[PDB]
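Protein chains in written order, with the authors' numbering: chain I, 11 to 49; chain H, 99 to 107, 110 to 146.
Here it is, written out as C-alpha cells:
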C-alpha cells in the first residue's frame, strides 16, 4: 500500500497491437470485371 | 283536405339521413438487388 488509495494503477497504452495482413500470394493475377447490367 | 266554415283542426314533414363510408385500400411488391443487377432488361424498375 501507500499514503492513500490510488485509483489508476495501470497506464493504458492507446496504440494497440493489431496483426498484419496476410500476403496476397495467390491473388497476384489479373482482375477482369463483369458488366453490372444484364450478364 | 276539407275546410268547413267552422275550422279549428293537420300535416307534418320528415327528413331522412344518408350515410357514406371511407375504406382503406392499397398493395405493394418487393424485389431483390440481384433481380435488378442480373436482369435481361435494364429498365425493369421503370
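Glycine included, C-beta positions come from ideal geometry on N, C-alpha and C.
Distance between beta carbons of residue j and residue i, contact taken as under 8 Å
i	j	result
residue 140 (chain H)	residue 48 (chain I)	6 Å
residue 137 (chain H)	residue 46 (chain I)	6 Å
Residue i at chain I interface by Cβ criterion, 7 Å
i	result
residue 132 (chain H)	no
residue 143 (chain H)	no
Cutoff 7 Å: residue i Cβ touching any chain H Cβ
i	result
residue 44 (chain I)	no
residue 32 (chain I)	no
residue 47 (chain I)	yes
Any chain B beta carbon closer than 7 Å to residue i
i	result
residue 111 (chain H)	This model lacks chain B altogether; the protein chains it does include are I and H.
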